[PDB]
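# Architecture and fold: a report
Letter by letter, the chains look like this.
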Amino acid sequence: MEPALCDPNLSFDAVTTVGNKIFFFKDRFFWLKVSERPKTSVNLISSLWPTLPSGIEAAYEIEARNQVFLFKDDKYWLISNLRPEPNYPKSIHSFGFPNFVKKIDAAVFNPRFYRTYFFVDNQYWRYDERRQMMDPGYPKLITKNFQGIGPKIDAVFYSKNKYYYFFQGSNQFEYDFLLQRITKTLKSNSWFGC
Ligand SMILES: [Ca+2]
């Protein structure tokens, strides 16, 4: 959809987090509005990120070694030192592609679990990080495990102290493990000022 903030009909693809900032991906253009930003700005990705593809599927950082990961098609890049390894046309197939995966919805990493899961339209996968062995398919359901977000999740990123920012469509729902209760019902254009 369009970034039209003054209009309820916007959607996202992927969203990541860096340090204390939140970056939103939009097809080929990215958004920026955090820390000290009264308004957002729609700029081109390639504009900055050189060796980086467009149309990121799922963006998720790793608050451990200060790295970043950008998913796109049946390939993924590895951001290292604010720089995506050059000539790294890796492919999930390398060790992931279960049945016929290639396009993910979102992906987040749980610090209080040490596991990273993703969404495939309407599937809940979980890849063991510590063990380093992905589960056998694990055709679970999101809305199931977590009732409140929905069976479909657009972007998902862990930006808080102990919460989970989830969104799908034009609503930014937040989950609190405190008691699996969502006490935040806003839209994507609720900060910008529309
Ligand atoms: Ca996504």
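Scoring rules and cut-offs
Residues numbered from 1 in each chain as written, not as in the entry; some residues may be left out. Heavy atoms only, no water. Helix = DSSP H or I, 4+ residues; strand = E, 2+ residues; numbered from the N terminus. Rg over C-alpha atoms; globule rule 2.2 N^0.38 Å. Buried < 20%, exposed > 50% of the residue type's maximum accessible area, 1.4 Å probe, protein only. Contact = heavy atoms within 4.5 Å. Areas by Shrake-Rupley, 256 points an atom, 1.4 Å probe, with all protein chains shown as cover. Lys, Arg positive; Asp, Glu negative; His and termini not counted. Charge placed at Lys NZ, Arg CZ, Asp CG, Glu CD. Donors = N, O, S within 2.8 Å, 3.2 Å for Na, K, Ca; no water. Pairing = 2+ DSSP bridges. Axes fitted to C-alpha atoms, helices over the stretch in contact; angles between N-to-C directions. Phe/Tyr/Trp six-rings, centres within 6.5 Å; stacked < 30°, edge-to-face > 60°. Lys NZ or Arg CZ within 6 Å of the ring centre and 35° of its normal. Disulfide = S-S within 2.5 Å. UniProt positions renumbered as here; feature names shortened; annotations may be inferred. Core = buried A, V, L, I, M, F, W, Y, C linked by side-chain atoms within 4.5 Å. Polar contact = N/O pair within 3.5 Å; in protein donor to acceptor, adjacent residues only side chain to side chain.

## Observations regarding the overall build of the protein chain
A tally of helices and strands in the protein chain yields one helix and 14 strands. Taken over C-alpha atoms, the radius of gyration comes to 16 Å for the protein chain, in line with the 16 Å a tight globule of 194 residues would show. When the 194 residues of the protein chain are sorted by exposure, 38% land in the buried category. Taking contacts inside the protein chain between residues at least 6 apart in sequence as the whole, the part at least 24 apart equals 35%. Per element, the accessible surface of the protein chain, about 12,100 Å² overall, is 51% carbon and sulfur. Separation between the mean location of the 26 positive side-chain charges and that of the 19 negative ones in the protein chain comes to 4 Å.

## Points about the coordination of the calcium ion
For the calcium ion, every protein donor is listed as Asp13 (O), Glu57 (O), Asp105 (O) and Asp154 (O), and the spread of their distances is 1.7 to 2.9 Å. Read from N- to C-terminus, the donor residues coordinating the calcium ion fall into the pattern D-x43-E-x47-D-x48-D. Placement of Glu57 in the loop between β4 (43–44) and β5 (59–62) and of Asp105 in the loop between β7 (75–79) and β8 (107–110) is noted, with a sequence separation of 48 residues between them. Judged by its relative accessible area of 17%, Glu57 is buried.

## Focus on the pairing of β5
Side chains of β5 alternate between two faces, with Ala59 and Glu61 and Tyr60 and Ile62 buried alike. Sheet analysis places β5 next to strand β6 (residues 67–72), joined by four bridges and oriented antiparallel. The residue of β6 that forms the bridge with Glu61 is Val68. The loop that links β5 with its antiparallel partner β6 comprises four residues; one of these, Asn66, has a positive phi angle of about 60°.

## Thoughts on the sheet that holds β6
With antiparallel pairing, three strands are arranged side by side in an open sheet as β5-β6-β7. In the strand order of this sheet, the two ends are held by β5 and β7, each with one partner. Here the average twist between neighbouring strands, direction ignored, is 20°.

## Side note on the packing of aromatic side chains
Counting across every chain of the model gives 16 aromatic pairs. Ring plane angle 80° and centroid distance 6.4 Å describe the contact between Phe24 and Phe157, whose orientation is recorded as edge-to-face. Taken together, the residues span a long stretch of sequence, with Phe24 in strand β2 (residues 21–26) and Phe157 in strand β11 (residues 155–157) at a distance of 133 residues. You'll find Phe24 and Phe157 in the same group, each marked buried. Joined through ring pairs, the aromatic side chains of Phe12, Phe24, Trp31, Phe157, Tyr165 and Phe167 make up one cluster. When the ring centre of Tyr88 is taken as reference, the NZ or CZ atom of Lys90 above it lies at 2.9 Å. Directly above the ring of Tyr138 sits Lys140, whose terminal nitrogen or CZ lies 6.0 Å from the centroid.

## Overview of the UniProt feature "disulfide bond" in the protein chain
Look at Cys6 and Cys194: UniProt has them disulfide-bonded, and their sulfurs are 2.3 Å apart, which fits a closed bridge. With a gap of 188 residues between them, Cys6 in the segment before β1 (14–18) and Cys194 in the segment after β14 (185–186) connect regions that are remote in the sequence. Relative accessible area serves as the criterion here: at 58%, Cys6 is assigned to the exposed category.

## Quick word on the nonpolar core
Ranked by size, the top nonpolar core spans 23 residues in total, and within it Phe25, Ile56 and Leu70 carry the most contacts. Elements with a contribution of two residues or more to this core: β1, β2, β3 (29–32), β6, β7 and β11. With sequence-adjacent residues up to four places away left out, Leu70 is seen in contact with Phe25, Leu52, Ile56, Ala58, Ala59, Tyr76, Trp77 and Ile79. Formed by 13 residues, the second largest nonpolar core is a distinct cluster that contains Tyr124, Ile149, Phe166 and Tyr175.

## Quick word on the side chain of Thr40
Note on placement: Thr40 falls in the loop between β3 and β4. Side-chain polar atoms of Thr40 contact the side chain of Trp31, separated by 2.5 Å. Setting aside anything within four residues of it in sequence, one finds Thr40 in contact with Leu5, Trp31, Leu32, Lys33 and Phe192.

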